[PDB]
Amino acid sequence: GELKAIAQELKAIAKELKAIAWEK
Amino acid sequence: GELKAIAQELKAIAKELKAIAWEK
Amino acid sequence: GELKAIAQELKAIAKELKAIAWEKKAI
Amino acid sequence: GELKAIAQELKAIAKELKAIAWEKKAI
Ligand SMILES: [N+]
Ligand SMILES: [N+]
Ligand SMILES: [N+]
Ligand SMILES: [N+]
């Protein structure tokens, strides 16, 4: 449910932070 | 580096939220 | 800019989690 | 309790990300 959708958002953010690390 | 460690923390939280969903 | 926008999103998720926690608590 | 503790952690990470964003900006 809701908490699963939030967990998916966190995993998407985790990928963004790793992309920022490796350039910006 | 730092941002990778934070991304790992977010992925660990995502797993906690999914565990909370499926019981608590 | 991007890190600041992600910081806002995480604070917003924290609010959302407290609302969920409360709804469960209340019920 | 647990969701509230995770909410605090996410707000703390948001602060940490703004500090990082700022350090990069400043440099
Ligand atoms: N995001
Ligand atoms: N946690
Ligand atoms: N969100
Ligand atoms: N943290």
# chains A, B, ... in the order shown; residues from 1 in each chain; ligands from 1
call {"tool": "interface_residues", "arguments": {"of": "chain C", "to": "chain B", "cutoff": "12 Å", "atoms": "only C-alpha atoms", "output": "list in words"}}
result
residues 3, 6, 7, 10, 13, 14, 17, 20, 21, 24 and 25 of chain C
call {"tool": "calpha_fit_and_write", "arguments": {"fixed": "chain C", "moving": "chain D", "output": "short mmCIF file (atom, residue, chain, number, x, y, z; two decimals) with N, CA and C atoms, in the first residue's frame"}}
result
data_model
loop_
_atom_site.label_atom_id
_atom_site.label_comp_id
_atom_site.auth_asym_id
_atom_site.auth_seq_id
_atom_site.Cartn_x
_atom_site.Cartn_y
_atom_site.Cartn_z
N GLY D 1 20.65 23.25 -5.97
CA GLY D 1 19.19 23.15 -6.42
C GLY D 1 18.62 21.73 -6.28
N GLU D 2 19.15 20.72 -6.94
CA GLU D 2 18.61 19.35 -6.92
C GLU D 2 18.65 18.80 -5.48
N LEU D 3 19.79 18.92 -4.78
CA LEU D 3 19.90 18.39 -3.41
C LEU D 3 18.90 19.12 -2.52
N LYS D 4 18.74 20.43 -2.72
CA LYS D 4 17.76 21.19 -1.92
C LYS D 4 16.35 20.67 -2.20
N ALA D 5 15.99 20.42 -3.46
CA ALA D 5 14.68 19.86 -3.80
C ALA D 5 14.47 18.46 -3.21
N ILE D 6 15.53 17.64 -3.24
CA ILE D 6 15.42 16.30 -2.56
C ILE D 6 15.27 16.46 -1.05
N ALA D 7 15.92 17.43 -0.41
CA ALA D 7 15.79 17.69 1.04
C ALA D 7 14.33 18.01 1.39
N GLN D 8 13.70 18.87 0.57
CA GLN D 8 12.26 19.24 0.77
C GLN D 8 11.39 17.97 0.68
N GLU D 9 11.68 17.14 -0.31
CA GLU D 9 10.90 15.89 -0.55
C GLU D 9 11.01 14.96 0.67
N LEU D 10 12.21 14.85 1.22
CA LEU D 10 12.40 13.99 2.41
C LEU D 10 11.67 14.58 3.60
N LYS D 11 11.70 15.89 3.79
CA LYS D 11 10.93 16.48 4.91
C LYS D 11 9.44 16.22 4.69
N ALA D 12 8.98 16.31 3.44
CA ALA D 12 7.56 16.08 3.10
C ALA D 12 7.20 14.63 3.39
N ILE D 13 8.09 13.71 3.08
CA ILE D 13 7.83 12.25 3.35
C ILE D 13 7.79 12.06 4.87
N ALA D 14 8.67 12.71 5.64
CA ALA D 14 8.64 12.62 7.11
C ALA D 14 7.27 13.03 7.65
N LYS D 15 6.72 14.16 7.16
CA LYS D 15 5.36 14.64 7.55
C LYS D 15 4.34 13.51 7.24
N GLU D 16 4.44 12.92 6.04
CA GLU D 16 3.48 11.92 5.53
C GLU D 16 3.53 10.67 6.40
N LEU D 17 4.73 10.27 6.80
CA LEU D 17 4.94 9.11 7.69
C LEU D 17 4.33 9.39 9.07
N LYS D 18 4.46 10.62 9.61
CA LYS D 18 3.85 10.96 10.91
C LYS D 18 2.33 10.95 10.81
N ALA D 19 1.81 11.34 9.65
CA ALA D 19 0.34 11.36 9.47
C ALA D 19 -0.14 9.92 9.48
N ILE D 20 0.60 9.04 8.81
CA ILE D 20 0.28 7.59 8.72
C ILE D 20 0.36 6.97 10.13
N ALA D 21 1.46 7.23 10.81
CA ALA D 21 1.72 6.74 12.19
C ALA D 21 0.54 7.16 13.08
N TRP D 22 0.14 8.41 12.96
CA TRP D 22 -0.96 8.95 13.79
C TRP D 22 -2.28 8.24 13.49
N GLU D 23 -2.66 8.15 12.21
CA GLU D 23 -3.90 7.47 11.70
C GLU D 23 -3.92 6.04 12.29
N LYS D 24 -2.81 5.31 12.21
CA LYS D 24 -2.72 3.95 12.81
C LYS D 24 -2.96 4.05 14.32
N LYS D 25 -2.23 4.92 15.01
CA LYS D 25 -2.31 5.16 16.48
C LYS D 25 -3.78 5.42 16.84
N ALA D 26 -4.37 6.49 16.29
CA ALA D 26 -5.80 6.87 16.45
C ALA D 26 -6.73 5.64 16.28
N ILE D 27 -6.65 4.91 15.16
CA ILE D 27 -7.55 3.75 14.83
C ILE D 27 -7.50 2.69 15.95
#
call {"tool": "decode", "arguments": {"residues": "chain C", "atoms": "C-alpha atoms", "output": "CSV table (one decimal), in the first residue's frame"}}
result
chain,number,residue,atom,x,y,z
C,1,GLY,CA,19.2,23.1,-6.4
C,2,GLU,CA,18.6,19.4,-6.9
C,3,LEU,CA,19.9,18.4,-3.4
C,4,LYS,CA,17.8,21.2,-1.9
C,5,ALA,CA,14.7,19.9,-3.8
C,6,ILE,CA,15.4,16.3,-2.6
C,7,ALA,CA,15.8,17.7,1.0
C,8,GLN,CA,12.3,19.2,0.8
C,9,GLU,CA,10.9,15.9,-0.6
C,10,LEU,CA,12.4,14.0,2.4
C,11,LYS,CA,10.9,16.5,4.9
C,12,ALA,CA,7.6,16.1,3.1
C,13,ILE,CA,7.8,12.3,3.3
C,14,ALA,CA,8.6,12.6,7.1
C,15,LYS,CA,5.4,14.6,7.5
C,16,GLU,CA,3.5,11.9,5.5
C,17,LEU,CA,4.9,9.1,7.7
C,18,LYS,CA,3.8,11.0,10.9
C,19,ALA,CA,0.3,11.4,9.5
C,20,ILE,CA,0.3,7.6,8.7
C,21,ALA,CA,1.7,6.7,12.2
C,22,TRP,CA,-1.0,8.9,13.8
C,23,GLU,CA,-3.9,7.5,11.7
C,24,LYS,CA,-2.7,4.0,12.8
C,25,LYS,CA,-2.3,5.2,16.5
C,26,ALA,CA,-5.8,6.9,16.4
C,27,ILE,CA,-7.6,3.8,14.8
